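Peer 1: Quick one, work16.cif (mmCIF, N, CA and C atoms and all ligand atoms):
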data_work
#
loop_
_atom_site.label_atom_id
_atom_site.label_comp_id
_atom_site.auth_asym_id
_atom_site.auth_seq_id
_atom_site.Cartn_x
_atom_site.Cartn_y
_atom_site.Cartn_z
N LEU A 546 6.43 -3.91 -38.21
CA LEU A 546 5.78 -3.03 -37.24
C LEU A 546 6.84 -2.47 -36.30
N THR A 547 6.88 -1.15 -36.18
CA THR A 547 7.90 -0.46 -35.42
C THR A 547 7.33 0.06 -34.10
N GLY A 548 8.19 0.72 -33.34
CA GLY A 548 7.81 1.24 -32.03
C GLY A 548 9.04 1.60 -31.22
N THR A 549 8.91 1.46 -29.91
CA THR A 549 10.01 1.70 -29.00
C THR A 549 9.64 1.16 -27.63
N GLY A 550 10.63 0.65 -26.92
CA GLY A 550 10.40 0.11 -25.60
C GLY A 550 11.54 -0.76 -25.15
N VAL A 551 11.37 -1.32 -23.96
CA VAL A 551 12.36 -2.20 -23.35
C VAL A 551 11.85 -3.63 -23.43
N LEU A 552 12.69 -4.52 -23.94
CA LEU A 552 12.30 -5.89 -24.23
C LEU A 552 12.68 -6.81 -23.08
N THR A 553 11.73 -7.63 -22.64
CA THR A 553 11.95 -8.56 -21.55
C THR A 553 11.25 -9.87 -21.87
N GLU A 554 11.93 -10.99 -21.61
CA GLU A 554 11.31 -12.28 -21.81
C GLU A 554 10.06 -12.40 -20.94
N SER A 555 9.01 -12.96 -21.52
CA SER A 555 7.70 -13.01 -20.89
C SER A 555 7.36 -14.44 -20.49
N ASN A 556 6.79 -14.59 -19.30
CA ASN A 556 6.34 -15.88 -18.80
C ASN A 556 4.87 -16.15 -19.09
N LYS A 557 4.19 -15.24 -19.78
CA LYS A 557 2.80 -15.47 -20.14
C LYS A 557 2.69 -16.65 -21.09
N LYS A 558 1.68 -17.49 -20.87
CA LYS A 558 1.57 -18.77 -21.57
C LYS A 558 0.85 -18.58 -22.89
N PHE A 559 1.60 -18.13 -23.90
CA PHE A 559 1.05 -18.07 -25.25
C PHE A 559 0.74 -19.46 -25.76
N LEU A 560 -0.35 -19.57 -26.51
CA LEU A 560 -0.69 -20.82 -27.17
C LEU A 560 0.05 -20.92 -28.50
N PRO A 561 0.25 -22.13 -29.01
CA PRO A 561 1.09 -22.29 -30.21
C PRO A 561 0.61 -21.47 -31.40
N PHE A 562 -0.70 -21.37 -31.60
CA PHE A 562 -1.21 -20.66 -32.77
C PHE A 562 -1.13 -19.15 -32.60
N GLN A 563 -1.26 -18.65 -31.37
CA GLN A 563 -1.21 -17.21 -31.14
C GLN A 563 0.16 -16.66 -31.51
N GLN A 564 0.19 -15.41 -31.94
CA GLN A 564 1.44 -14.78 -32.36
C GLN A 564 1.70 -13.45 -31.68
N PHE A 565 0.67 -12.65 -31.42
CA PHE A 565 0.81 -11.34 -30.82
C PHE A 565 0.22 -11.35 -29.41
N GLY A 566 0.17 -10.17 -28.81
CA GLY A 566 -0.49 -9.99 -27.53
C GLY A 566 -1.06 -8.60 -27.45
N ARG A 567 -2.02 -8.42 -26.54
CA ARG A 567 -2.63 -7.12 -26.34
C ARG A 567 -3.07 -6.99 -24.90
N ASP A 568 -3.27 -5.75 -24.49
CA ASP A 568 -3.57 -5.39 -23.11
C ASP A 568 -5.02 -4.97 -22.98
N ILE A 569 -5.39 -4.54 -21.76
CA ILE A 569 -6.73 -4.03 -21.53
C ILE A 569 -6.98 -2.80 -22.39
N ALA A 570 -5.95 -1.97 -22.57
CA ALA A 570 -6.05 -0.81 -23.45
C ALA A 570 -6.11 -1.19 -24.92
N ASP A 571 -5.87 -2.46 -25.25
CA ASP A 571 -5.90 -2.93 -26.63
C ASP A 571 -4.78 -2.28 -27.44
N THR A 572 -3.56 -2.45 -26.95
CA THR A 572 -2.37 -2.00 -27.66
C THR A 572 -1.30 -3.08 -27.56
N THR A 573 -0.42 -3.11 -28.55
CA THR A 573 0.61 -4.15 -28.60
C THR A 573 1.50 -4.06 -27.38
N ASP A 574 1.51 -5.13 -26.58
CA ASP A 574 2.39 -5.19 -25.42
C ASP A 574 3.03 -6.57 -25.26
N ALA A 575 3.08 -7.36 -26.33
CA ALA A 575 3.76 -8.65 -26.30
C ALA A 575 3.90 -9.17 -27.72
N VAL A 576 5.11 -9.58 -28.10
CA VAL A 576 5.38 -10.04 -29.45
C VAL A 576 6.22 -11.31 -29.39
N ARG A 577 6.22 -12.04 -30.50
CA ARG A 577 6.96 -13.29 -30.62
C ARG A 577 8.05 -13.12 -31.67
N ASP A 578 9.27 -13.50 -31.31
CA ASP A 578 10.40 -13.31 -32.21
C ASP A 578 10.24 -14.20 -33.43
N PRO A 579 10.43 -13.68 -34.65
CA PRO A 579 10.21 -14.51 -35.84
C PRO A 579 11.27 -15.57 -36.05
N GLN A 580 12.54 -15.18 -35.95
CA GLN A 580 13.61 -16.13 -36.25
C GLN A 580 13.62 -17.29 -35.27
N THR A 581 13.46 -16.99 -33.98
CA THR A 581 13.41 -18.00 -32.94
C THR A 581 12.13 -17.82 -32.14
N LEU A 582 11.55 -18.94 -31.69
CA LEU A 582 10.25 -18.93 -31.03
C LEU A 582 10.44 -18.54 -29.57
N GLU A 583 10.37 -17.24 -29.31
CA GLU A 583 10.42 -16.70 -27.96
C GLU A 583 9.36 -15.62 -27.84
N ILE A 584 8.89 -15.41 -26.61
CA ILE A 584 7.88 -14.40 -26.31
C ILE A 584 8.52 -13.34 -25.44
N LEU A 585 8.37 -12.08 -25.84
CA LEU A 585 8.99 -10.96 -25.16
C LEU A 585 7.92 -9.95 -24.78
N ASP A 586 8.19 -9.20 -23.71
CA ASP A 586 7.31 -8.15 -23.24
C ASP A 586 7.80 -6.80 -23.74
N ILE A 587 6.86 -5.89 -23.96
CA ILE A 587 7.15 -4.54 -24.43
C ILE A 587 6.67 -3.56 -23.38
N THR A 588 7.55 -2.67 -22.94
CA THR A 588 7.21 -1.64 -21.99
C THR A 588 7.91 -0.37 -22.46
N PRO A 589 7.19 0.75 -22.59
CA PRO A 589 7.83 1.96 -23.09
C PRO A 589 8.83 2.52 -22.10
N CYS A 590 9.81 3.24 -22.62
CA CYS A 590 10.85 3.81 -21.78
C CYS A 590 10.27 4.89 -20.89
N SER A 591 10.93 5.11 -19.75
CA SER A 591 10.35 5.94 -18.70
C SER A 591 10.11 7.37 -19.19
N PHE A 592 9.03 7.96 -18.71
CA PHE A 592 8.71 9.35 -19.00
C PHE A 592 8.01 9.94 -17.78
N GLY A 593 7.99 11.26 -17.71
CA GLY A 593 7.31 11.93 -16.62
C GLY A 593 7.41 13.43 -16.77
N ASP B 848 -2.22 -2.96 -13.86
CA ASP B 848 -3.47 -3.39 -14.48
C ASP B 848 -4.09 -2.23 -15.26
N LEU B 849 -5.42 -2.16 -15.32
CA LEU B 849 -6.08 -1.09 -16.05
C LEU B 849 -5.64 0.27 -15.53
N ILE B 850 -5.49 0.40 -14.21
CA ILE B 850 -5.04 1.67 -13.64
C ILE B 850 -3.64 2.00 -14.13
N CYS B 851 -2.76 1.00 -14.18
CA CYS B 851 -1.41 1.22 -14.70
C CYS B 851 -1.42 1.46 -16.21
N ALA B 852 -2.33 0.81 -16.93
CA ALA B 852 -2.36 0.95 -18.39
C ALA B 852 -2.60 2.40 -18.80
N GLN B 853 -3.56 3.06 -18.15
CA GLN B 853 -3.84 4.45 -18.47
C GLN B 853 -2.62 5.33 -18.27
N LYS B 854 -1.73 4.95 -17.35
CA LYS B 854 -0.57 5.76 -17.02
C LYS B 854 0.37 5.91 -18.21
N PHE B 855 0.22 5.07 -19.23
CA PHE B 855 1.20 4.96 -20.30
C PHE B 855 0.79 5.69 -21.56
N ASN B 856 -0.22 6.56 -21.49
CA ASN B 856 -0.69 7.30 -22.65
C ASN B 856 -0.85 8.77 -22.32
N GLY B 857 0.11 9.34 -21.60
CA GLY B 857 0.05 10.75 -21.28
C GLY B 857 -0.96 11.11 -20.22
N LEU B 858 -1.52 10.13 -19.52
CA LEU B 858 -2.46 10.37 -18.43
C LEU B 858 -1.78 10.06 -17.11
N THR B 859 -1.79 11.01 -16.20
CA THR B 859 -1.09 10.88 -14.93
C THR B 859 -1.99 11.31 -13.79
N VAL B 860 -1.72 10.78 -12.60
CA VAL B 860 -2.50 11.04 -11.41
C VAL B 860 -1.57 11.56 -10.32
N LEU B 861 -1.92 12.69 -9.73
CA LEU B 861 -1.12 13.30 -8.69
C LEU B 861 -1.60 12.86 -7.31
N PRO B 862 -0.74 12.93 -6.30
CA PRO B 862 -1.14 12.53 -4.96
C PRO B 862 -1.68 13.71 -4.18
N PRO B 863 -2.66 13.49 -3.30
CA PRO B 863 -3.23 14.61 -2.54
C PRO B 863 -2.22 15.19 -1.57
N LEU B 864 -2.39 16.48 -1.28
CA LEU B 864 -1.46 17.16 -0.39
C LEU B 864 -1.52 16.59 1.02
N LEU B 865 -2.72 16.35 1.54
CA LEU B 865 -2.90 15.87 2.90
C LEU B 865 -3.09 14.36 2.89
N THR B 866 -2.37 13.67 3.76
CA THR B 866 -2.45 12.22 3.82
C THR B 866 -3.47 11.77 4.86
N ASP B 867 -3.85 10.50 4.77
CA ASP B 867 -4.87 9.96 5.65
C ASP B 867 -4.50 10.11 7.12
N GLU B 868 -3.21 9.99 7.45
CA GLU B 868 -2.81 10.18 8.84
C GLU B 868 -3.14 11.59 9.31
N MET B 869 -2.87 12.59 8.47
CA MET B 869 -3.18 13.96 8.86
C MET B 869 -4.68 14.18 8.97
N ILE B 870 -5.45 13.60 8.05
CA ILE B 870 -6.90 13.72 8.15
C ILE B 870 -7.40 13.12 9.46
N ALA B 871 -6.88 11.94 9.81
CA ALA B 871 -7.29 11.30 11.05
C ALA B 871 -6.90 12.13 12.26
N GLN B 872 -5.71 12.74 12.23
CA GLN B 872 -5.30 13.59 13.34
C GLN B 872 -6.26 14.76 13.50
N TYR B 873 -6.63 15.41 12.40
CA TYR B 873 -7.57 16.52 12.48
C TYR B 873 -8.90 16.06 13.07
N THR B 874 -9.41 14.93 12.59
CA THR B 874 -10.70 14.47 13.08
C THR B 874 -10.64 14.15 14.57
N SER B 875 -9.58 13.47 15.01
CA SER B 875 -9.46 13.15 16.42
C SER B 875 -9.35 14.42 17.26
N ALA B 876 -8.61 15.41 16.77
CA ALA B 876 -8.50 16.66 17.51
C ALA B 876 -9.86 17.31 17.68
N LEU B 877 -10.63 17.37 16.59
CA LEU B 877 -11.97 17.96 16.68
C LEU B 877 -12.81 17.21 17.71
N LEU B 878 -12.79 15.88 17.64
CA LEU B 878 -13.63 15.10 18.53
C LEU B 878 -13.24 15.30 19.99
N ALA B 879 -11.95 15.29 20.29
CA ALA B 879 -11.51 15.45 21.67
C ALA B 879 -11.86 16.84 22.19
N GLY B 880 -11.58 17.87 21.39
CA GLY B 880 -11.95 19.21 21.80
C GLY B 880 -13.43 19.32 22.09
N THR B 881 -14.26 18.73 21.23
CA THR B 881 -15.70 18.74 21.48
C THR B 881 -16.02 18.11 22.82
N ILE B 882 -15.66 16.84 23.00
CA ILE B 882 -16.13 16.12 24.18
C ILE B 882 -15.55 16.70 25.46
N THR B 883 -14.46 17.47 25.39
CA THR B 883 -13.90 18.03 26.61
C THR B 883 -14.26 19.49 26.85
N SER B 884 -14.77 20.22 25.85
CA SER B 884 -15.03 21.64 26.06
C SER B 884 -16.32 22.14 25.44
N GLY B 885 -17.24 21.28 25.04
CA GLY B 885 -18.47 21.79 24.47
C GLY B 885 -18.18 22.56 23.20
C1 LIG C 1 16.97 -19.48 -40.55
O1 LIG C 1 16.87 -19.01 -39.12
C2 LIG C 1 16.31 -20.06 -38.25
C3 LIG C 1 16.40 -19.59 -36.82
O2 LIG C 1 17.75 -19.52 -36.44
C4 LIG C 1 17.05 -21.39 -38.38
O3 LIG C 1 16.32 -22.39 -37.65
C5 LIG C 1 17.18 -21.83 -39.80
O4 LIG C 1 18.03 -23.01 -39.85
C6 LIG C 1 17.78 -20.77 -40.64
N1 LIG C 1 17.80 -21.20 -42.08
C7 LIG C 1 18.99 -20.95 -42.90
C8 LIG C 1 19.01 -21.40 -44.36
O5 LIG C 1 19.94 -20.40 -42.43
#
I'd like the structure from this file rewritten - as C-alpha cells, please.

Peer 2:
Amino acid sequence: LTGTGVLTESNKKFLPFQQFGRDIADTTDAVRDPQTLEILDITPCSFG
Amino acid sequence: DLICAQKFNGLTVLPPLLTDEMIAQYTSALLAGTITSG
C-alpha cells in the first residue's frame, strides 16, 4: 500500500493483534512497520 | 480532531474579515451614542 506523508513515531497504544489505524474520516493515518514492531504516524505534506 | 481531519481533503476554512474585538467596539459605540444622545 502506497501513499505519501511524513512519518513520526506514535504513542497511541495499539493492541498486539491490531495492525493498522484509522481516523474519524476513516482513512489510513497509522501503520505498523513489518520488519520491526513499531507504530508510526502518517501526516500528509503541507499544502495550501 | 474532526475539524482538523476535514482540512486534509481539499476543504479549507477562511477567517472572517472583522474580528470579535472590532464587533464589540462597534456595539459599544452604538450603545454609548444611544444612551448619551437619543
Ligand atoms: C528478518 O528481519 C527481522 C527484523 O530485523 C529479524 O528479526 C530477522 O532475524 C530477520 N531474518 C533473517 C533470516 O535475516

Peer 1: Give the residues of chain A that lie within 10 Å of chain B; count only C-alpha atoms, and format the answer as a ChimeraX atom specification.

Peer 2: /A:568-572,588-593

Peer 1: Mind giving me the straight-line distance from atom C of residue B:851 to atom CA of residue A:574 in Å, one decimal?

Peer 2: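 Spanning atom C of residue B:851 to atom CA of residue A:574 is a straight-line distance of 12.0 Å.
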
Peer 1: Kindly compute an axis-aligned box around the listed atoms of stretch 856-875 of chain B, allowing 5 Å on each side, and express its centre and edge lengths in Å to one decimal as AutoDock Vina command-line options.

Peer 2:
--center_x -5.3 --center_y 11.9 --center_z -2.7 --size_x 20.8 --size_y 20.6 --size_z 49.9

Peer 1: As a list in words, please: every protein or nucleic acid residue near ligand LIG 1 (chain C) (cut-off 8 Å, counting all atoms listed in the file).

Peer 2: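 Counting all atoms listed in the file, the residues within 8 Å of ligand LIG 1 (chain C) come out as residues 579, 580, 581 and 582 of chain A.
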
Peer 1: Expressed in Å to a single decimal, how great is the separation between atom C of residue B:885 and atom C of residue B:868?

Peer 2: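 Result for atom C of residue B:885 versus atom C of residue B:868: 23.2 Å, one decimal.
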
Peer 1: So how far away is atom C of residue A:583 from atom C of residue A:555, in Å?

Peer 2: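 If I compute the distance from atom C of residue A:555 to atom C of residue A:583, I get 7.7 Å.
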
Peer 1: Please extract the residues of chain B with a backbone DSSP assignment of alpha helix (DSSP H) and present them as number ranges by chain.

Peer 2: B: 849-853, 867-884

Peer 1: Can you check which residues of chain A DSSP gives as strand (DSSP E or B) on the backbone and send them as a tab-separated table (two decimals) with N, CA and C atoms, in the frame of the given file?

Peer 2:
chain	number	residue	atom	x	y	z
A	551	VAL	N	11.37	-1.32	-23.96
A	551	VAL	CA	12.36	-2.20	-23.35
A	551	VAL	C	11.85	-3.63	-23.43
A	552	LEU	N	12.69	-4.52	-23.94
A	552	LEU	CA	12.30	-5.89	-24.23
A	552	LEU	C	12.68	-6.81	-23.08
A	553	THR	N	11.73	-7.63	-22.64
A	553	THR	CA	11.95	-8.56	-21.55
A	553	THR	C	11.25	-9.87	-21.87
A	554	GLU	N	11.93	-10.99	-21.61
A	554	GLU	CA	11.31	-12.28	-21.81
A	554	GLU	C	10.06	-12.40	-20.94
A	565	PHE	N	0.67	-12.65	-31.42
A	565	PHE	CA	0.81	-11.34	-30.82
A	565	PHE	C	0.22	-11.35	-29.41
A	566	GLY	N	0.17	-10.17	-28.81
A	566	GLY	CA	-0.49	-9.99	-27.53
A	566	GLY	C	-1.06	-8.60	-27.45
A	567	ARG	N	-2.02	-8.42	-26.54
A	567	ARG	CA	-2.63	-7.12	-26.34
A	567	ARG	C	-3.07	-6.99	-24.90
A	573	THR	N	-0.42	-3.11	-28.55
A	573	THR	CA	0.61	-4.15	-28.60
A	573	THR	C	1.50	-4.06	-27.38
A	574	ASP	N	1.51	-5.13	-26.58
A	574	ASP	CA	2.39	-5.19	-25.42
A	574	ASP	C	3.03	-6.57	-25.26
A	575	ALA	N	3.08	-7.36	-26.33
A	575	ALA	CA	3.76	-8.65	-26.30
A	575	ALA	C	3.90	-9.17	-27.72
A	576	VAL	N	5.11	-9.58	-28.10
A	576	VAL	CA	5.38	-10.04	-29.45
A	576	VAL	C	6.22	-11.31	-29.39
A	577	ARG	N	6.22	-12.04	-30.50
A	577	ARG	CA	6.96	-13.29	-30.62
A	577	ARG	C	8.05	-13.12	-31.67
A	584	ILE	N	8.89	-15.41	-26.61
A	584	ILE	CA	7.88	-14.40	-26.31
A	584	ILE	C	8.52	-13.34	-25.44
A	585	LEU	N	8.37	-12.08	-25.84
A	585	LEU	CA	8.99	-10.96	-25.16
A	585	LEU	C	7.92	-9.95	-24.78
A	586	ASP	N	8.19	-9.20	-23.71
A	586	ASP	CA	7.31	-8.15	-23.24
A	586	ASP	C	7.80	-6.80	-23.74
A	587	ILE	N	6.86	-5.89	-23.96
A	587	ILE	CA	7.15	-4.54	-24.43
A	587	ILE	C	6.67	-3.56	-23.38
A	588	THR	N	7.55	-2.67	-22.94
A	588	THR	CA	7.21	-1.64	-21.99
A	588	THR	C	7.91	-0.37	-22.46

Peer 1: For N, CA and C atoms, please extract stretch 553-583 of chain A from the block and return it as a short mmCIF file (atom, residue, chain, number, x, y, z; two decimals), in the first residue's frame.

Peer 2:
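Contents of part14.cif, as written:
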data_model
loop_
_atom_site.label_atom_id
_atom_site.label_comp_id
_atom_site.auth_asym_id
_atom_site.auth_seq_id
_atom_site.Cartn_x
_atom_site.Cartn_y
_atom_site.Cartn_z
N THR A 553 6.20 9.70 11.71
CA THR A 553 6.57 10.04 13.08
C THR A 553 6.17 8.90 13.99
N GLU A 554 7.05 8.55 14.93
CA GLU A 554 6.71 7.52 15.90
C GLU A 554 5.49 7.94 16.70
N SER A 555 4.59 6.99 16.92
CA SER A 555 3.29 7.25 17.53
C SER A 555 3.24 6.67 18.93
N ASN A 556 2.67 7.43 19.86
CA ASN A 556 2.48 6.98 21.23
C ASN A 556 1.10 6.37 21.46
N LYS A 557 0.27 6.26 20.43
CA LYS A 557 -1.03 5.63 20.58
C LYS A 557 -0.85 4.15 20.92
N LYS A 558 -1.68 3.67 21.85
CA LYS A 558 -1.49 2.34 22.44
C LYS A 558 -2.19 1.30 21.58
N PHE A 559 -1.51 0.89 20.51
CA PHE A 559 -2.01 -0.22 19.70
C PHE A 559 -2.01 -1.50 20.52
N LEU A 560 -3.03 -2.33 20.30
CA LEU A 560 -3.07 -3.64 20.90
C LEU A 560 -2.28 -4.64 20.06
N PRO A 561 -1.82 -5.73 20.67
CA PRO A 561 -0.93 -6.64 19.93
C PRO A 561 -1.51 -7.16 18.64
N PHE A 562 -2.81 -7.47 18.61
CA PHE A 562 -3.40 -8.04 17.41
C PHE A 562 -3.65 -7.00 16.33
N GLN A 563 -3.92 -5.75 16.72
CA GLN A 563 -4.17 -4.71 15.74
C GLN A 563 -2.93 -4.46 14.89
N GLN A 564 -3.14 -4.05 13.65
CA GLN A 564 -2.04 -3.81 12.73
C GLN A 564 -2.08 -2.45 12.07
N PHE A 565 -3.26 -1.93 11.76
CA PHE A 565 -3.41 -0.65 11.09
C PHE A 565 -4.04 0.37 12.04
N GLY A 566 -4.35 1.54 11.50
CA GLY A 566 -5.08 2.55 12.24
C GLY A 566 -5.93 3.35 11.28
N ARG A 567 -6.93 4.03 11.84
CA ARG A 567 -7.81 4.86 11.04
C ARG A 567 -8.32 6.01 11.88
N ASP A 568 -8.79 7.04 11.19
CA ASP A 568 -9.20 8.30 11.80
C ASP A 568 -10.72 8.43 11.76
N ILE A 569 -11.20 9.58 12.22
CA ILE A 569 -12.63 9.86 12.15
C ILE A 569 -13.09 9.87 10.70
N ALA A 570 -12.25 10.39 9.80
CA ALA A 570 -12.56 10.37 8.38
C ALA A 570 -12.48 8.97 7.78
N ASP A 571 -11.97 8.00 8.54
CA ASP A 571 -11.85 6.62 8.06
C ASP A 571 -10.86 6.54 6.90
N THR A 572 -9.65 7.02 7.16
CA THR A 572 -8.55 6.90 6.21
C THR A 572 -7.29 6.51 6.96
N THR A 573 -6.38 5.85 6.26
CA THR A 573 -5.16 5.35 6.89
C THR A 573 -4.35 6.50 7.45
N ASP A 574 -4.16 6.50 8.77
CA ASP A 574 -3.32 7.51 9.40
C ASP A 574 -2.43 6.92 10.48
N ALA A 575 -2.17 5.61 10.44
CA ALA A 575 -1.25 4.97 11.36
C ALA A 575 -0.95 3.56 10.88
N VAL A 576 0.33 3.21 10.80
CA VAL A 576 0.74 1.91 10.28
C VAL A 576 1.82 1.34 11.19
N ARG A 577 2.02 0.03 11.08
CA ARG A 577 3.00 -0.70 11.87
C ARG A 577 4.07 -1.26 10.95
N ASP A 578 5.33 -1.01 11.29
CA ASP A 578 6.43 -1.43 10.44
C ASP A 578 6.50 -2.95 10.40
N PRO A 579 6.63 -3.57 9.22
CA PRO A 579 6.62 -5.04 9.17
C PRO A 579 7.88 -5.67 9.71
N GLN A 580 9.05 -5.17 9.30
CA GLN A 580 10.30 -5.80 9.70
C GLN A 580 10.50 -5.71 11.20
N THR A 581 10.24 -4.55 11.79
CA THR A 581 10.36 -4.34 13.22
C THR A 581 9.04 -3.79 13.75
N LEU A 582 8.69 -4.20 14.97
CA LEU A 582 7.38 -3.87 15.55
C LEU A 582 7.43 -2.46 16.11
N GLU A 583 7.09 -1.49 15.27
CA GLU A 583 6.97 -0.10 15.68
C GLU A 583 5.71 0.48 15.06
#
